[PDB]
Ligand SMILES: *[C@@H]1O[C@H](CO)[C@@H](O[C@@H]2O[C@H](CO)[C@@H](O[C@@H]3O[C@H](CO[C@H]4O[C@H](CO)[C@@H](O)[C@H](O[C@H]5O[C@H](CO)[C@@H](O)[C@H](O)[C@@H]5O[C@H]5O[C@H](CO)[C@@H](O)[C@H](O)[C@@H]5O)[C@@H]4O)[C@@H](O)[C@H](O[C@H]4O[C@H](CO)[C@@H](O)[C@H](O)[C@@H]4O[C@H]4O[C@H](CO)[C@@H](O)[C@H](O)[C@@H]4O)[C@@H]3O)[C@H](O)[C@H]2NC(C)=O)[C@H](O)[C@H]1NC(C)=O
Ligand SMILES: O=C(CCN1CCN(C(=O)OCc2cc(Cl)cc(Cl)c2)CC1)c1ccc2[nH]c(=O)oc2c1
Ligand SMILES: [Ca+2]
Ligand SMILES: [Ca+2]
Ligand SMILES: [K+]
Ligand code: NA
Ligand SMILES: [Zn+2]
């Protein structure tokens, strides 16, 4: 119940939202149908439009007018944004030369530069170049401020997930807004774009920037705007708030534009109808900058121009229908469109089997434009599993396509030409970032970065301590003139043991054999030095990774590789090796085909055993350091140590062998040597974090050998590829992956073909950031470089996307 008989007199765009049944005057009241009776008359004035004219200059103040051209308007903070231009011979901000803003130039009584977040729905990254001729205000922010070529959204590339990620620094799986549509089985409640459930605070997890600000004594404007408040009025409201007294004035504000998303859905991302929405957004930016300039705030405020996601060409005719695959289609509920999520129509249906649904959806049509996944098998880079609101079955949809349950869903609802929601590495889904103001750098381009990082930077801009989030605080310090965040490297929790030769061959009863009994003081001291770490500076380029949890492990040195060997998991946490451009690939000799050798530095009790692999008819083994890349026939024996062995499904070995035998040497040739760190990952509860021993769901039959869920590799070289990886003076280049350790290649529809036709495509899909691997392993990499720690944090957040320009 709303007692709408209260009044908005003196309350228009109140920041403190008053509680029912008292009627509301805030920028959301319209959305809750709760505004006081006189809200439109008092708060949404339109009389005489939005622009001063020659005739209105020095006019008598008429309080019915939308904005003012009277002599008192600047003191009152309610001038039309073009007042000084029309009435005082001033220039529009866009016509002024760019001048470096070295220091905040703020009015007396400003404690900190305000932040204004100018958020634009569906603003695709390529609009900055393709629309530059029609967006002069935005082009001036972009060229004079700090900009990225693009900013990577979160998956799914939908509105609410991305806006709430911007506000919180969290993955959707953690903030809980995992789609524009959601069912929460614990609440038994549905979140929809239309209707009231979405306003319930139980959907919205983490701590958004406006709450972080308020809790630390920093006042915030209300970020959400009702669609019916015109953009001109949102801008005049922000400018009025900025004119409040020091004790009442917010330090942080958001503007939101429904464009260009709204038009992009109707006309496609580059439809000729898209020019006018881009012009209209640019005019709004011009109104804000002219308005700041009038208030002497244009060299005081930090402005962020940011999008939520891009926009792709999508039409009704590019729809896959589940009714073409499933006999049982009425037994499922599909969340449809540019992604799919499937659950049982009824939890009382005992016959519902997700295994049968996945199999019916797997590689059934030659050009099939979606791929089914159990959510724990999705690429780890999506971080899209650890939430009860994410259905177990997921459909990753090809760019330009939709999935729907039945044809009647598509033509009983063509109209639309654009959509978004696809995989967040897709070029069409990329969005924009520009930072302009005293705290941002001047005329600076920064590399592309992920929107999860912005919450930390917005906290840096406001002097706030950020709530715990998925950003890497410091990874964006290169955007900032000042207020940088200078973290310390995490403390190593476990120190390694450095075992020497402690066990005799005959103490091992592992069921292992090797034809290695083939026999010199020249090269007997040489092998001793290799085992004491004489080549370690060649194979461990960036220091040993730090172990950030309590465990028992050993450093093992060899001629060609170094490893941190876990006594708890009976395998390496990490294996490190350098392959020069000149390295040669060799075969596994016939005599060593099934060779596994005891490691005399490591107790039989802390070793794997071959008999477990022989007995396990599903499980085989591979090697973390590839025998194919041994430096010499004698060094190759080291690669067959039981301490280099890891459990591998035969289906996965096809992937691993091709990576090790073909791709490592290819990368070394292309990059002028590579350093590789490889290892296992255990994430049985799909939370993106290292499992403890007691979370492991699968062992090699009859053993305590745990089965990884994933295998990682981090492949580092010199950004200046004229310098070899092992002699690099400057910045580094990295590519990484987290390959799912699966007992089939059902993910790869072309897997019956030679590995050269499908393994690289699989590895590209499972590209990762070093930071993703850190979360999954509890390791901290790049501890010992020449480089600034902030530069290393940027490197650790890099994602190699394999997309074109
Ligand atoms: C991305 O960044 C985020 C933020 O840093 C990381 O998320 C954190 O991960 C931590 C580890 O998973 C997690 O810590 C847990 O917190 C529990 C208390 O949580 C509540 O309070 C916090 C603080 O106010 C709040 O943020 C939480 O919010 C979550 O839950 C609500 C639902 O009520 C959601 O609205 C909100 O969206 C958020 O959901 C997300 O997190 C939860 C898990 O907390 C997920 O289940 C959701 O799917 C969603 O992803 C909560 O309101 C605390 O109880 C936990 O403690 C257990 O574990 C410790 C281990 O140290 C153990 O020693 C304790 O005894 C305890 O065990 C007991 O409980 C077990 C579970 O019931 C039980 O099995 C045992 O038998 C024991 O009795 C734990 O400390 C932290 O909450 C989240 N924070 C957020 C915001 O998500 C995330 O990891 C990062 N991602 C990556 C890849 O790095
Ligand atoms: O329903 C909507 C939008 C609903 N609101 C979004 C939030 N918004 C707003 O003012 O957010 C401001 C804001 C909030 C936050 Cl958390 C963070 C910041 Cl940086 C800024 C008001 C409109 C919509 C829009 C586009 C869509 N495309 C599509 O397929 O479905 C769509 C639905
Ligand atoms: Ca959107
Ligand atoms: Ca885990
Ligand atoms: K086996
Ligand atoms: Na296959
Ligand atoms: Zn949209």
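Derivation of every value follows stated rules applied to the coordinates shown; laboratory data play no part. Note that we place each Cβ from the backbone using ideal geometry, even for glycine, and neighbour counts take in every protein chain shown.
Here are some notes:
- When 675, 685 are checked against the criterion of being more than 16 Å from ligand 2 (Cβ to nearest atom), under 25 Å from residue 768 (Cα atoms), in a strand (DSSP E or B) and within 26 Å of the chain's Cα centre (by Cα), a single residue qualifies: 675.
- Among residues of the stretch 566-582, those that are within 19 Å of residue 630 (Cβ to Cβ) and in contact with a helix residue (DSSP H, G or I) (Cβ under 6 Å, 6 or more places away or on another chain), counted: 5
- Here the stretch 694-705 is the region considered, the condition is being over 24 Å from residue 658 (Cα atoms) and touching a strand residue (DSSP E or B) at 6+ places or on another chain (Cβ under 8 Å), and the residue that is farthest from ligand 7 (Cβ to nearest atom) is 705.
- Selection within the stretch 410-436 - out of contact with any helix residue (DSSP H, G or I) (no Cβ under 8 Å at 6 or more places or on another chain) and either away from ligand 7 (no atom under 16 Å from the Cβ) or assigned to a helix (DSSP H, G or I) (or both): 410, 411, 412, 414, 427, 428, 429
- Which listed residue, of 376, 368, is surrounded by 15 or more Cβ atoms within 10 Å (Cβ to Cβ) and not in a loop (DSSP other than H, G, I, E, B): 376
- A count restricted to the stretch 484-526 and to residues that are loosely packed, with under 12 Cβ neighbours inside 10 Å and assigned to a strand (DSSP E or B) stands at 0.
- Residue check, residue 7 under 39 Å from the mean Cα position of the chain (by Cα) and either crowded, with 16+ Cβ neighbours inside 10 Å or within 21 Å of residue 66 (Cβ to Cβ) (or both): no
- Some residue of the stretch 425-443 being surrounded by fewer than 24 Cβ atoms within 10 Å (Cβ to Cβ) and within 30 Å of residue 356 (Cα to Cα): yes
- Of the residues screened, residue 205 is not one that is within 16 Å of ligand 3 (Cβ to nearest atom), within 24 Å of the chain's Cα centre (by Cα) and within 30 Å of residue 475 (Cα to Cα).
- Inside the stretch 92-124, residues that are in contact with a strand residue (DSSP E or B) (Cβ under 6 Å, 6 or more places away or on another chain) and either exposed (fewer than 14 other Cβ atoms within 10 Å of the Cβ) or under 18 Å from residue 280 (Cα atoms) (or both) make up a count of 7.
- Test: residue in the stretch 232-240 that is within 23 Å of residue 130 (Cβ to Cβ), away from ligand 5 (no atom under 16 Å from the Cβ) and touching a strand residue (DSSP E or B) at 6+ places or on another chain (Cβ under 8 Å): no
- Hits in the stretch 468-494 (condition: closer than 26 Å to residue 434 by Cβ and out of contact with any helix residue (DSSP H, G or I) (no Cβ under 6 Å at 6 or more places or on another chain)): 478, 479, 480, 481, 482, 486, 487
- Residue list for the stretch 562-583, filter: under 17 Å from residue 638 (Cβ atoms) and in a loop (DSSP other than H, G, I, E, B): 583
- Close pairs (8 angstrom Cβ cut-off, 6 or more residues apart or separate chains): under 28 Å from residue 151 (Cα atoms) in the stretch 93-121, within 16 Å of ligand 6 (Cβ to nearest atom) anywhere: none
- Residue match in the stretch 633-652 (condition: surrounded by fewer than 23 Cβ atoms within 10 Å (Cβ to Cβ), within 34 Å of the chain's Cα centre (by Cα), more than 16 Å from ligand 2 (Cβ to nearest atom) and assigned to a loop (DSSP other than H, G, I, E, B)): yes
- A count restricted to the stretch 653-686 and to residues that are under 30 Å from residue 469 (Cβ atoms) and surrounded by fewer than 17 Cβ atoms within 10 Å (Cβ to Cβ) stands at 2.
- Among the residues of the stretch 437-448, those that are out of contact with any helix residue (DSSP H, G or I) (no Cβ under 7 Å at 6 or more places or on another chain) and within 22 Å of residue 123 (Cβ to Cβ) comprise 437, 444, 445, 447, 448.
- Residue 680 being within 26 Å of the chain's Cα centre (by Cα), away from ligand 1 (no atom under 16 Å from the Cβ) and not in a helix (DSSP H, G or I): yes
- Look at the stretch 714-734: where a residue is exposed (fewer than 15 other Cβ atoms within 10 Å of the Cβ) and a partner is part of a strand (DSSP E or B), sitting 6+ places away or on another chain with Cβ atoms under 6 Å, you get 719/733.
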